[PDB]
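Listing of input-v2.json; format and content: JSON, N, CA and C atoms and all ligand atoms.
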[["chain", "number", "residue", "atom", "x", "y", "z"],
["A", 757, "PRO", "N", -13.01, 34.67, -6.32],
["A", 757, "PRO", "CA", -12.24, 33.47, -5.97],
["A", 757, "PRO", "C", -11.33, 33.03, -7.11],
["A", 758, "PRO", "N", -10.07, 32.69, -6.79],
["A", 758, "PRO", "CA", -9.10, 32.22, -7.77],
["A", 758, "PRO", "C", -9.53, 30.90, -8.41],
["A", 759, "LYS", "N", -9.23, 30.73, -9.69],
["A", 759, "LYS", "CA", -9.60, 29.53, -10.42],
["A", 759, "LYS", "C", -8.78, 28.32, -9.96],
["A", 760, "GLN", "N", -9.44, 27.18, -9.82],
["A", 760, "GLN", "CA", -8.76, 25.95, -9.41],
["A", 760, "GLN", "C", -9.12, 24.79, -10.33],
["A", 761, "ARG", "N", -8.12, 24.02, -10.72],
["A", 761, "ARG", "CA", -8.35, 22.82, -11.52],
["A", 761, "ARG", "C", -9.13, 21.81, -10.70],
["A", 762, "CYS", "N", -9.89, 20.95, -11.37],
["A", 762, "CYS", "CA", -10.67, 19.94, -10.68],
["A", 762, "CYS", "C", -9.79, 19.01, -9.85],
["A", 763, "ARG", "N", -10.35, 18.47, -8.78],
["A", 763, "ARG", "CA", -9.58, 17.63, -7.86],
["A", 763, "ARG", "C", -9.34, 16.23, -8.41],
["A", 764, "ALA", "N", -10.10, 15.84, -9.43],
["A", 764, "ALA", "CA", -9.95, 14.52, -10.04],
["A", 764, "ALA", "C", -8.60, 14.40, -10.74],
["A", 765, "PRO", "N", -7.92, 13.25, -10.57],
["A", 765, "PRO", "CA", -6.62, 13.01, -11.21],
["A", 765, "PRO", "C", -6.71, 13.11, -12.73],
["A", 766, "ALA", "N", -5.77, 13.86, -13.31],
["A", 766, "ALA", "CA", -5.65, 14.01, -14.77],
["A", 766, "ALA", "C", -6.77, 14.80, -15.46],
["A", 767, "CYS", "N", -7.74, 15.29, -14.70],
["A", 767, "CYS", "CA", -8.76, 16.15, -15.29],
["A", 767, "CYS", "C", -8.33, 17.62, -15.32],
["A", 768, "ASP", "N", -8.51, 18.25, -16.48],
["A", 768, "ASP", "CA", -8.05, 19.62, -16.69],
["A", 768, "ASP", "C", -9.18, 20.65, -16.61],
["A", 769, "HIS", "N", -10.37, 20.21, -16.22],
["A", 769, "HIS", "CA", -11.48, 21.14, -16.03],
["A", 769, "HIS", "C", -11.24, 22.00, -14.80],
["A", 770, "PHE", "N", -12.04, 23.06, -14.66],
["A", 770, "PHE", "CA", -12.02, 23.86, -13.44],
["A", 770, "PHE", "C", -13.06, 23.31, -12.47],
["A", 771, "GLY", "N", -12.65, 23.11, -11.23],
["A", 771, "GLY", "CA", -13.57, 22.64, -10.21],
["A", 771, "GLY", "C", -14.31, 23.80, -9.57],
["A", 772, "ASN", "N", -15.38, 23.50, -8.85],
["A", 772, "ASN", "CA", -16.12, 24.53, -8.13],
["A", 772, "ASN", "C", -16.45, 24.11, -6.70],
["A", 773, "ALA", "N", -16.69, 25.09, -5.84],
["A", 773, "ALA", "CA", -16.89, 24.84, -4.42],
["A", 773, "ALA", "C", -18.17, 24.06, -4.12],
["A", 774, "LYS", "N", -19.17, 24.23, -4.98],
["A", 774, "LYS", "CA", -20.44, 23.53, -4.81],
["A", 774, "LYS", "C", -20.25, 22.03, -5.00],
["A", 775, "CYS", "N", -19.35, 21.67, -5.90],
["A", 775, "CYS", "CA", -19.05, 20.27, -6.18],
["A", 775, "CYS", "C", -17.83, 19.78, -5.41],
["A", 776, "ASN", "N", -17.53, 20.45, -4.30],
["A", 776, "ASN", "CA", -16.43, 20.06, -3.42],
["A", 776, "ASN", "C", -15.07, 20.01, -4.11],
["A", 777, "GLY", "N", -14.85, 20.91, -5.06],
["A", 777, "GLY", "CA", -13.58, 20.97, -5.76],
["A", 777, "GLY", "C", -13.59, 20.23, -7.08],
["A", 778, "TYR", "N", -14.60, 19.40, -7.28],
["A", 778, "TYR", "CA", -14.77, 18.69, -8.55],
["A", 778, "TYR", "C", -15.36, 19.63, -9.59],
["A", 779, "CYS", "N", -15.14, 19.31, -10.86],
["A", 779, "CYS", "CA", -15.87, 19.98, -11.93],
["A", 779, "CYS", "C", -17.26, 19.37, -11.95],
["A", 780, "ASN", "N", -18.18, 20.00, -12.67],
["A", 780, "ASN", "CA", -19.56, 19.52, -12.73],
["A", 780, "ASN", "C", -19.69, 18.13, -13.34],
["A", 781, "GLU", "N", -18.90, 17.86, -14.37],
["A", 781, "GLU", "CA", -18.98, 16.58, -15.08],
["A", 781, "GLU", "C", -18.50, 15.44, -14.19],
["A", 782, "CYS", "N", -17.36, 15.63, -13.54],
["A", 782, "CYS", "CA", -16.81, 14.60, -12.66],
["A", 782, "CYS", "C", -17.64, 14.40, -11.40],
["A", 783, "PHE", "N", -18.24, 15.48, -10.91],
["A", 783, "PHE", "CA", -19.12, 15.38, -9.74],
["A", 783, "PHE", "C", -20.33, 14.52, -10.08],
["A", 784, "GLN", "N", -20.82, 14.66, -11.31],
["A", 784, "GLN", "CA", -21.95, 13.87, -11.79],
["A", 784, "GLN", "C", -21.59, 12.39, -11.88],
["A", 785, "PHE", "N", -20.40, 12.10, -12.41],
["A", 785, "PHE", "CA", -19.92, 10.73, -12.51],
["A", 785, "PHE", "C", -19.69, 10.13, -11.13],
["A", 786, "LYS", "N", -19.23, 10.95, -10.20],
["A", 786, "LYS", "CA", -18.99, 10.51, -8.83],
["A", 786, "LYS", "C", -20.29, 10.04, -8.18],
["A", 787, "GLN", "N", -21.40, 10.68, -8.53],
["A", 787, "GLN", "CA", -22.70, 10.25, -8.05],
["A", 787, "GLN", "C", -23.05, 8.90, -8.69],
["A", 788, "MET", "N", -22.78, 8.78, -9.98],
["A", 788, "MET", "CA", -23.05, 7.53, -10.70],
["A", 788, "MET", "C", -22.19, 6.40, -10.15],
["A", 789, "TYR", "N", -20.93, 6.71, -9.85],
["A", 789, "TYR", "CA", -19.99, 5.71, -9.36],
["A", 789, "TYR", "C", -19.24, 6.21, -8.13],
["B", 1, "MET", "N", 1.29, -9.88, -15.00],
["B", 1, "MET", "CA", 1.60, -8.46, -14.93],
["B", 1, "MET", "C", 0.46, -7.68, -14.27],
["B", 2, "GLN", "N", 0.81, -6.86, -13.29],
["B", 2, "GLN", "CA", -0.17, -6.03, -12.60],
["B", 2, "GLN", "C", 0.04, -4.56, -12.92],
["B", 3, "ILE", "N", -1.05, -3.86, -13.20],
["B", 3, "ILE", "CA", -1.01, -2.41, -13.34],
["B", 3, "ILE", "C", -2.09, -1.79, -12.46],
["B", 4, "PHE", "N", -1.96, -0.50, -12.19],
["B", 4, "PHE", "CA", -2.92, 0.19, -11.33],
["B", 4, "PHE", "C", -3.61, 1.34, -12.06],
["B", 5, "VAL", "N", -4.91, 1.47, -11.84],
["B", 5, "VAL", "CA", -5.68, 2.56, -12.43],
["B", 5, "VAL", "C", -6.32, 3.39, -11.33],
["B", 6, "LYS", "N", -5.94, 4.66, -11.27],
["B", 6, "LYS", "CA", -6.45, 5.56, -10.24],
["B", 6, "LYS", "C", -7.68, 6.30, -10.76],
["B", 7, "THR", "N", -8.77, 6.28, -9.98],
["B", 7, "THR", "CA", -10.02, 6.90, -10.40],
["B", 7, "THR", "C", -10.17, 8.32, -9.88],
["B", 8, "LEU", "N", -11.28, 8.97, -10.25],
["B", 8, "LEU", "CA", -11.56, 10.33, -9.82],
["B", 8, "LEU", "C", -11.78, 10.42, -8.31],
["B", 9, "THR", "N", -12.19, 9.32, -7.70],
["B", 9, "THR", "CA", -12.37, 9.25, -6.25],
["B", 9, "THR", "C", -11.06, 8.86, -5.57],
["B", 10, "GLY", "N", -9.98, 8.84, -6.33],
["B", 10, "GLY", "CA", -8.69, 8.44, -5.80],
["B", 10, "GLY", "C", -8.59, 6.95, -5.51],
["B", 11, "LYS", "N", -9.63, 6.21, -5.88],
["B", 11, "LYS", "CA", -9.63, 4.76, -5.71],
["B", 11, "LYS", "C", -8.65, 4.12, -6.69],
["B", 12, "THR", "N", -7.85, 3.18, -6.21],
["B", 12, "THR", "CA", -6.88, 2.50, -7.06],
["B", 12, "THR", "C", -7.38, 1.13, -7.49],
["B", 13, "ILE", "N", -7.49, 0.93, -8.80],
["B", 13, "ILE", "CA", -7.95, -0.34, -9.36],
["B", 13, "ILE", "C", -6.77, -1.19, -9.78],
["B", 14, "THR", "N", -6.74, -2.44, -9.34],
["B", 14, "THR", "CA", -5.69, -3.37, -9.74],
["B", 14, "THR", "C", -6.18, -4.28, -10.86],
["B", 15, "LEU", "N", -5.46, -4.29, -11.97],
["B", 15, "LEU", "CA", -5.83, -5.11, -13.12],
["B", 15, "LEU", "C", -4.74, -6.13, -13.45],
["B", 16, "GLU", "N", -5.15, -7.34, -13.80],
["B", 16, "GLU", "CA", -4.24, -8.35, -14.31],
["B", 16, "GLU", "C", -4.20, -8.21, -15.83],
["B", 17, "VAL", "N", -3.03, -7.86, -16.37],
["B", 17, "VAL", "CA", -2.92, -7.58, -17.79],
["B", 17, "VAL", "C", -1.69, -8.23, -18.43],
["B", 18, "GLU", "N", -1.61, -8.13, -19.75],
["B", 18, "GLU", "CA", -0.41, -8.52, -20.48],
["B", 18, "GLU", "C", 0.16, -7.28, -21.16],
["B", 19, "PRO", "N", 1.48, -7.27, -21.42],
["B", 19, "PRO", "CA", 2.08, -6.16, -22.16],
["B", 19, "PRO", "C", 1.44, -6.00, -23.54],
["B", 20, "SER", "N", 0.92, -7.10, -24.06],
["B", 20, "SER", "CA", 0.27, -7.12, -25.37],
["B", 20, "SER", "C", -1.15, -6.57, -25.34],
["B", 21, "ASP", "N", -1.73, -6.47, -24.15],
["B", 21, "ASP", "CA", -3.10, -5.97, -23.99],
["B", 21, "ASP", "C", -3.27, -4.56, -24.55],
["B", 22, "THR", "N", -4.31, -4.39, -25.37],
["B", 22, "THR", "CA", -4.63, -3.08, -25.93],
["B", 22, "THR", "C", -5.36, -2.23, -24.90],
["B", 23, "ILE", "N", -5.46, -0.94, -25.16],
["B", 23, "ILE", "CA", -6.14, -0.02, -24.26],
["B", 23, "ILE", "C", -7.64, -0.32, -24.21],
["B", 24, "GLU", "N", -8.19, -0.72, -25.36],
["B", 24, "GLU", "CA", -9.59, -1.12, -25.45],
["B", 24, "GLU", "C", -9.90, -2.25, -24.47],
["B", 25, "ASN", "N", -9.00, -3.23, -24.39],
["B", 25, "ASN", "CA", -9.16, -4.35, -23.47],
["B", 25, "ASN", "C", -9.09, -3.90, -22.01],
["B", 26, "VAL", "N", -8.17, -3.00, -21.71],
["B", 26, "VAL", "CA", -8.03, -2.46, -20.36],
["B", 26, "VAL", "C", -9.31, -1.75, -19.93],
["B", 27, "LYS", "N", -9.93, -1.05, -20.87],
["B", 27, "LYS", "CA", -11.19, -0.37, -20.61],
["B", 27, "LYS", "C", -12.33, -1.36, -20.36],
["B", 28, "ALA", "N", -12.29, -2.49, -21.06],
["B", 28, "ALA", "CA", -13.26, -3.56, -20.85],
["B", 28, "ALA", "C", -13.09, -4.17, -19.46],
["B", 29, "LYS", "N", -11.84, -4.30, -19.03],
["B", 29, "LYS", "CA", -11.53, -4.81, -17.70],
["B", 29, "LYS", "C", -12.04, -3.84, -16.64],
["B", 30, "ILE", "N", -11.92, -2.55, -16.92],
["B", 30, "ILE", "CA", -12.42, -1.51, -16.03],
["B", 30, "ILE", "C", -13.94, -1.59, -15.93],
["B", 31, "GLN", "N", -14.60, -1.81, -17.06],
["B", 31, "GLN", "CA", -16.05, -1.98, -17.09],
["B", 31, "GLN", "C", -16.49, -3.16, -16.23],
["B", 32, "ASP", "N", -15.75, -4.26, -16.29],
["B", 32, "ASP", "CA", -16.05, -5.43, -15.47],
["B", 32, "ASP", "C", -15.90, -5.12, -13.99],
["B", 33, "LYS", "N", -14.85, -4.38, -13.65],
["B", 33, "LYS", "CA", -14.55, -4.05, -12.26],
["B", 33, "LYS", "C", -15.47, -2.98, -11.68],
["B", 34, "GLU", "N", -15.83, -1.99, -12.50],
["B", 34, "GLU", "CA", -16.50, -0.79, -12.00],
["B", 34, "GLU", "C", -17.90, -0.55, -12.57],
["B", 35, "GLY", "N", -18.18, -1.13, -13.72],
["B", 35, "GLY", "CA", -19.47, -0.94, -14.37],
["B", 35, "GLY", "C", -19.49, 0.29, -15.27],
["B", 36, "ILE", "N", -18.31, 0.87, -15.48],
["B", 36, "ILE", "CA", -18.19, 2.07, -16.30],
["B", 36, "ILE", "C", -18.04, 1.72, -17.78],
["B", 37, "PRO", "N", -19.00, 2.16, -18.61],
["B", 37, "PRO", "CA", -18.94, 1.96, -20.06],
["B", 37, "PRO", "C", -17.66, 2.54, -20.64],
["B", 38, "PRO", "N", -16.99, 1.79, -21.54],
["B", 38, "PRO", "CA", -15.70, 2.16, -22.12],
["B", 38, "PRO", "C", -15.70, 3.50, -22.85],
["B", 39, "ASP", "N", -16.81, 3.86, -23.48],
["B", 39, "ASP", "CA", -16.87, 5.11, -24.24],
["B", 39, "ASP", "C", -16.73, 6.34, -23.35],
["B", 40, "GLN", "N", -17.08, 6.18, -22.08],
["B", 40, "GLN", "CA", -16.97, 7.26, -21.11],
["B", 40, "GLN", "C", -15.59, 7.29, -20.48],
["B", 41, "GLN", "N", -14.76, 6.31, -20.82],
["B", 41, "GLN", "CA", -13.43, 6.19, -20.22],
["B", 41, "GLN", "C", -12.35, 6.90, -21.02],
["B", 42, "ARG", "N", -11.51, 7.65, -20.32],
["B", 42, "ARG", "CA", -10.31, 8.23, -20.90],
["B", 42, "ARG", "C", -9.13, 7.80, -20.04],
["B", 43, "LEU", "N", -8.15, 7.14, -20.65],
["B", 43, "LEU", "CA", -6.99, 6.68, -19.89],
["B", 43, "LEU", "C", -5.76, 7.55, -20.12],
["B", 44, "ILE", "N", -5.12, 7.94, -19.02],
["B", 44, "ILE", "CA", -3.95, 8.80, -19.08],
["B", 44, "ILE", "C", -2.74, 8.12, -18.46],
["B", 45, "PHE", "N", -1.64, 8.10, -19.19],
["B", 45, "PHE", "CA", -0.36, 7.65, -18.65],
["B", 45, "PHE", "C", 0.72, 8.65, -19.00],
["B", 46, "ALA", "N", 1.50, 9.06, -18.00],
["B", 46, "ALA", "CA", 2.55, 10.07, -18.18],
["B", 46, "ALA", "C", 2.02, 11.34, -18.85],
["B", 47, "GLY", "N", 0.79, 11.71, -18.53],
["B", 47, "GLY", "CA", 0.20, 12.93, -19.04],
["B", 47, "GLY", "C", -0.34, 12.85, -20.46],
["B", 48, "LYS", "N", -0.21, 11.68, -21.09],
["B", 48, "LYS", "CA", -0.72, 11.51, -22.45],
["B", 48, "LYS", "C", -1.97, 10.62, -22.46],
["B", 49, "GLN", "N", -2.91, 10.95, -23.34],
["B", 49, "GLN", "CA", -4.13, 10.17, -23.47],
["B", 49, "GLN", "C", -3.85, 8.93, -24.32],
["B", 50, "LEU", "N", -4.41, 7.80, -23.92],
["B", 50, "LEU", "CA", -4.10, 6.52, -24.56],
["B", 50, "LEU", "C", -5.13, 6.13, -25.63],
["B", 51, "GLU", "N", -4.63, 5.79, -26.81],
["B", 51, "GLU", "CA", -5.49, 5.37, -27.92],
["B", 51, "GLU", "C", -5.86, 3.90, -27.77],
["B", 52, "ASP", "N", -7.11, 3.56, -28.10],
["B", 52, "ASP", "CA", -7.64, 2.22, -27.88],
["B", 52, "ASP", "C", -6.86, 1.10, -28.58],
["B", 53, "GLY", "N", -6.42, 1.35, -29.81],
["B", 53, "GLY", "CA", -5.76, 0.33, -30.61],
["B", 53, "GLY", "C", -4.35, -0.01, -30.16],
["B", 54, "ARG", "N", -3.70, 0.94, -29.49],
["B", 54, "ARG", "CA", -2.33, 0.75, -29.05],
["B", 54, "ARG", "C", -2.26, -0.17, -27.84],
["B", 55, "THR", "N", -1.06, -0.65, -27.52],
["B", 55, "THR", "CA", -0.88, -1.59, -26.42],
["B", 55, "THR", "C", -0.20, -0.92, -25.23],
["B", 56, "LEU", "N", -0.21, -1.61, -24.09],
["B", 56, "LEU", "CA", 0.45, -1.13, -22.89],
["B", 56, "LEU", "C", 1.96, -0.99, -23.12],
["B", 57, "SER", "N", 2.51, -1.91, -23.90],
["B", 57, "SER", "CA", 3.94, -1.89, -24.21],
["B", 57, "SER", "C", 4.30, -0.71, -25.11],
["B", 58, "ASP", "N", 3.36, -0.29, -25.96],
["B", 58, "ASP", "CA", 3.56, 0.87, -26.82],
["B", 58, "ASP", "C", 3.80, 2.13, -26.01],
["B", 59, "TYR", "N", 3.08, 2.26, -24.90],
["B", 59, "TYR", "CA", 3.18, 3.44, -24.05],
["B", 59, "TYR", "C", 4.18, 3.25, -22.93],
["B", 60, "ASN", "N", 5.01, 2.21, -23.05],
["B", 60, "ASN", "CA", 6.05, 1.91, -22.07],
["B", 60, "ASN", "C", 5.51, 1.72, -20.66],
["B", 61, "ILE", "N", 4.31, 1.16, -20.57],
["B", 61, "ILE", "CA", 3.68, 0.88, -19.28],
["B", 61, "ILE", "C", 4.23, -0.43, -18.71],
["B", 62, "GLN", "N", 4.77, -0.37, -17.50],
["B", 62, "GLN", "CA", 5.48, -1.51, -16.93],
["B", 62, "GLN", "C", 4.74, -2.15, -15.76],
["B", 63, "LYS", "N", 5.38, -3.14, -15.15],
["B", 63, "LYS", "CA", 4.82, -3.83, -13.99],
["B", 63, "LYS", "C", 4.62, -2.86, -12.83],
["B", 64, "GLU", "N", 3.41, -2.85, -12.29],
["B", 64, "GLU", "CA", 3.01, -1.94, -11.21],
["B", 64, "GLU", "C", 3.11, -0.46, -11.60],
["B", 65, "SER", "N", 2.96, -0.18, -12.89],
["B", 65, "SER", "CA", 2.82, 1.20, -13.34],
["B", 65, "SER", "C", 1.41, 1.68, -13.01],
["B", 66, "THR", "N", 1.25, 2.99, -12.84],
["B", 66, "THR", "CA", -0.04, 3.54, -12.47],
["B", 66, "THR", "C", -0.62, 4.42, -13.59],
["B", 67, "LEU", "N", -1.87, 4.16, -13.94],
["B", 67, "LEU", "CA", -2.57, 4.91, -14.97],
["B", 67, "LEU", "C", -3.66, 5.76, -14.34],
["B", 68, "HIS", "N", -4.05, 6.83, -15.02],
["B", 68, "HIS", "CA", -5.12, 7.70, -14.52],
["B", 68, "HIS", "C", -6.36, 7.61, -15.40],
["B", 69, "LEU", "N", -7.51, 7.47, -14.75],
["B", 69, "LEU", "CA", -8.79, 7.33, -15.45],
["B", 69, "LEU", "C", -9.64, 8.59, -15.31],
["B", 70, "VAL", "N", -10.01, 9.17, -16.45],
["B", 70, "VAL", "CA", -10.88, 10.34, -16.48],
["B", 70, "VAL", "C", -12.18, 9.98, -17.18],
["B", 71, "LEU", "N", -13.31, 10.34, -16.57],
["B", 71, "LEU", "CA", -14.61, 10.02, -17.13],
["B", 71, "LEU", "C", -15.22, 11.21, -17.87],
["B", 72, "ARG", "N", -15.76, 10.94, -19.06],
["B", 72, "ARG", "CA", -16.32, 12.00, -19.90],
["B", 72, "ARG", "C", -17.59, 11.53, -20.61],
["B", 73, "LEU", "N", -18.60, 12.39, -20.62],
["B", 73, "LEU", "CA", -19.84, 12.11, -21.33],
["B", 73, "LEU", "C", -19.60, 12.13, -22.84],
["B", 74, "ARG", "N", -20.36, 11.32, -23.57],
["B", 74, "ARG", "CA", -20.27, 11.31, -25.03],
["B", 74, "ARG", "C", -21.55, 11.88, -25.63],
["B", 75, "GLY", "N", -21.49, 13.14, -26.04],
["B", 75, "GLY", "CA", -22.65, 13.80, -26.61],
["B", 75, "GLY", "C", -22.91, 13.41, -28.05],
["B", 76, "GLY", "N", -21.83, 13.19, -28.80],
["B", 76, "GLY", "CA", -21.93, 12.82, -30.20],
["B", 76, "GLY", "C", -22.49, 13.95, -31.05],
["A", 801, "K", "K", -6.74, 17.63, -11.64],
["A", 802, "ZN", "ZN", -13.11, 17.05, -13.33]]
Show me, as structure tokens, the structure contained in the file I just sent.
Ligand SMILES: [K+]
Ligand SMILES: [Zn+2]
Amino acid sequence: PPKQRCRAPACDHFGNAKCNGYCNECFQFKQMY
Amino acid sequence: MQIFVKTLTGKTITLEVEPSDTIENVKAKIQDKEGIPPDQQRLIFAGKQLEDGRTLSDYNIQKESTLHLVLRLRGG
């Protein structure tokens, strides 16, 4: 699968399909908030 | 003066600010609105990361300008 930047605005991490396009860090914060 | 802060969930936060307001203050306002600790906050305007000590006017942020908020863990 081709690499994709995270779906979060201004985040330069790579997102993953498990986190619905989010990177792991942002997906974790999304749970928090 | 009103500015907008877009979150990772695409949620848009409206803040009442002054051109003289520092980035640190804006982060405190975000904490009041969202409960997000300032140290985890990264503010982006025009693709550049904003330093806490600088002001909105320093970064040429205007009325109804939109800022981007990125959240990051602090491992230290
Ligand atoms: K992105
Ligand atoms: Zn991300």
Self-check item: Environment of ligand ZN 802 (chain A) within 8 Å, counting all atoms listed in the file, reported as a PyMOL selection string
Solution: (chain A and resi 761-771+777-783) or (chain B and resi 8+70-71)
Self-check item: Interface, chain B side, toward chain A (6 Å; all atoms listed in the file) as a list in words
Solution: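 Written out as asked, the residues are residues 7, 8, 68 and 69 of chain B.
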Exercise. Figure out the distance between atom N of residue 9 (chain B) and atom N of residue 773 (chain A), please, to one decimal in Å.
Key: 16.5 Å
Exercise. Taking the DSSP assignment computed from this structure's backbone, write out as an MDAnalysis selection string all residues of region 3-64 of chain B that belong to strand (DSSP E or B).
Key: chainID B and resid 3:6 12:16 22 41:45 48:49 55
Quiz item: To one decimal place, how far is CA of residue 72 (chain B) from CA of residue 40 (chain B) in Å?
Solution: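 Result for CA of residue 72 (chain B) versus CA of residue 40 (chain B): 4.9 Å, one decimal.
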Practice problem: Step one, run DSSP on the backbone; step two, keep only residues of chain B assigned to alpha helix (DSSP H); then write them as a count of residues only. | Solution: 12
Quiz item: Quick one: residues within 6.5 Å of region 24-30 of chain B, only N, CA and C atoms counted, chain neighbours fewer than 2 positions away excluded, as a ChimeraX atom specification?
Solution: /B:21-22,32-36,38,51-54
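Our summary of the geometry notes that CA of residue 3 (chain B) is positioned 24.1 Å from atom N of residue 73 (chain B).
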